[PDB]
């Protein structure tokens, strides 16, 4: 009968629970291994799902290959499966949609369909603090971006340019990496100098002289502490009780405390001007429902703004230096533009004159094409998503992944994509531009279409608002580098490959260049010890 088989189910169960633990832990790995494999083969039979990349190790998925070489990973998947495909990543299912259609499917997705803050809050909230960026409803984000943008105006950039210039010259004068008054040539690691120059120039201009002054003290170590807490590791283990995580948390409290100290001091003195982003957020951080940002939230939002601009910009100036190091022809061409626009150095650099340096701006544009700082952008899917002109459905709980930086490197959209060529942007020197209709999500009119193959600043509701600041900063910095120095590689060295494991696609260090003064006898004035 069949009842006697049912007895043997029970018997077999009892014999299973009595196996030697050698065989039993052997089975606790062999069962999920086999089940994973069986599940994938079953999955490939669904026609309402994008092809899923095969993987051996459950939960881990394609994490290794994706983690180390994501563009190579995407190209292989693209050849095998086309532009839409899925892969497992440390517990999650990522659906990749490559190319301009993918830009459109993700950046222009319905607010109800996808969530950025659901993807990122665990990465950023620990670092920035509560109440801001991804620790708040999207509508709050939209207004925060409006608040920050309102400090990032043309009139602010006119005032930031000499402050940024002052910092670059102070760095050339005082830093051990240069000391131009004492040395006429030297070797630097751009992954040491550019992060420093970046935080010095961004602090001075966006936070002001007090906050810049504090980076000359041991307080600077908190920034370094806070900086470590910004790592992909936060995606799997956002909070685990080790030391790294406590120095981070301490840094957040300590730095936000310093900003709040200055904010409350400015208000108690009625010392509220138009100097910096701090003045600006103090005068302009009331939401449309009338709720005012707290001083804590203002401080946290300052941290997020500085942190965002820090890693994107520092990686970008590093790459610019690295590409130009093997292109003395491009340095020469940029130097001639500087001499023409600044009347042989006699004109002081201003924001308006920066806008008349198309080749310098094209050099930034081309670096951002070859080295998009963020190789992958994510959203969590909130509701089932039908993929147009397919029968594909992306179910809620999945994640979508868009990669404009991958398209940046495709010969079909950029001929000879792997060649650094600033002249591919001749008569097209703008950081970005909308080829047509606009829309406003709450922080200004931006392009409605997100189909450009070039999208260094993303698009849609989550689009960057830092692009003009980053061009101002990079522009001032590279204008001074060009006028002051020539540089090249040590023998046999060339452009390093990207390190894709970090949060930005920074160069693999150490990435060293050799500088020499164009004018060995030129002195940088000012007092120093």
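Throughout, rigid core stands for the largest set of C-alpha atoms superposing within 1.5 Å between the two forms. Residue numbers count along the first chain shown, from 1.
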Checklist line | Stretch departing more from the displayed form, 239 to 247 or 332 to 340, Cα RMS in 5 other deposited structures of this protein (core fit) | finding: 239 to 247
Margin query: After superposing on the rigid core, which of 224 to 232 and 360 to 368 has its C-alpha atoms sitting farther from this form in 5 other deposited structures of this protein?
Written below: 224 to 232
Checklist line | Higher-B stretch (mean Cα B-factor, as the entry records it), 358 to 366 or 440 to 448 | finding: 440 to 448
Margin query: Please compare 269 to 277 with 112 to 120 and say which has the higher mean C-alpha temperature factor in the record.
Written below: 269 to 277
Notebook entry, point to check: From 421, 194, 78, 331, which pick has the Cα B-factor that tops the rest in the entry?
Noted result: 78
Next item on the list: Return the residue from 463, 486, 468, 49 that has the highest Cα B-factor in the entry.
Entry: 49
Checklist line | Lowest, middle or highest third - CA B-factor, residue 519 | finding: lowest
Next item on the list: Among all modelled residues of this chain, ranked by Cα B factor, put residue 190 in the bottom, middle or top third, i.e. lowest, middle or highest.
Entry: lowest
Notebook entry, point to check: If you rank every modelled residue in this chain by C-alpha B factor, which third holds residue 92: lowest, middle or highest?
Noted result: highest
Item checked: Record-listed C-alpha B factor of residue 234: chain third -> highest
Check: Relative to the other modelled residues in the chain, which third contains the C-alpha temperature factor of residue 219: lowest, middle or highest?
Finding: highest
